[PDB]
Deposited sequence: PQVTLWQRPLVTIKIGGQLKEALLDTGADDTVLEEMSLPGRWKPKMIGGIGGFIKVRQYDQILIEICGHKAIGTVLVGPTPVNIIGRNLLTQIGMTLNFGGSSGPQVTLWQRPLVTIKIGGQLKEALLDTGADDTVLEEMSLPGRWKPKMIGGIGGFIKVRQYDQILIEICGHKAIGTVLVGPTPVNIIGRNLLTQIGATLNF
């Protein structure tokens, strides 16, 4: 199945005998699920993201069914605002990003040009918006807060910003702030015709 990114790429997953909805997240190295009941032992762990860090319980060798496709791997359970399926599992179900096909064994990084500057960014299907690390940008902006795994961060919102992503031009909103990594969200991914295929 092929999926466009005009909407959040949600899928049905079965794990620990329970059915849930989760977000296919190319920007996530791992899989993190909201609090739930899982059998066996786990290991304390801290993961980072926008907003900061959160403590999670690490379950290894867990069987998970993502839209019918079976996979076994590590699942983190903690105070995440959204269930997300990270690359550790996306690779198991043959997930690829197309916009130029890209597998997910490595972070899907791209070169972008914005504000006359060159940078590297992460193609993030789990992000609604595009968020870049502090940088010099022309024009006016408006205060705005966005949430993430570790909480929220204050960012500067710039509209109608021209950005080139691996040669492809797009114009849209770009948020600049305390993000741990530059991420290209769905607002821009749709413009470069990005699709998820598995």
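According to the record, C-alpha coordinates are lacking for deposited residues 100-104 and nowhere else.
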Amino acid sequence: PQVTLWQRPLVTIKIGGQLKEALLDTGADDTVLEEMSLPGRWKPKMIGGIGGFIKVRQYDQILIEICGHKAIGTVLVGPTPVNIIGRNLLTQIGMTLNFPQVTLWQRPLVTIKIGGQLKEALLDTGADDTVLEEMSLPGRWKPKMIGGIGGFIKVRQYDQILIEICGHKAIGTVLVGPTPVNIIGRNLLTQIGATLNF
From here on, numbers count along this sequence of modelled residues.
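Mean CA B-factor, 145-153 versus 39-47: the higher value falls on 39-47.
Just going by the entry, 61-69 versus 133-141 on mean CA temperature factor gives the higher value to 133-141. The residue among 112, 102, 122, 77 whose C-alpha carries the highest B-factor in the deposited model is 102. Within the selection 98, 83, 91, 106, the deposited Cα B-factor values reach their highest point at 98. The PDB entry assigns residue 5 a C-alpha temperature factor belonging to the lowest third of its chain's modelled residues. In the deposited entry, the Cα temperature factor of residue 52 sits in the middle third of values across the chain's modelled residues. In this PDB entry, the Cα temperature factor of residue 28 sits in the bottom third of its chain's modelled residues, the lowest group. Among the modelled residues of the chain, residue 188 sits in the lowest third by CA temperature factor in this PDB entry.
When the modelled residues of the chain are ordered by their C-alpha B factor, residue 176 lands in the middle third.
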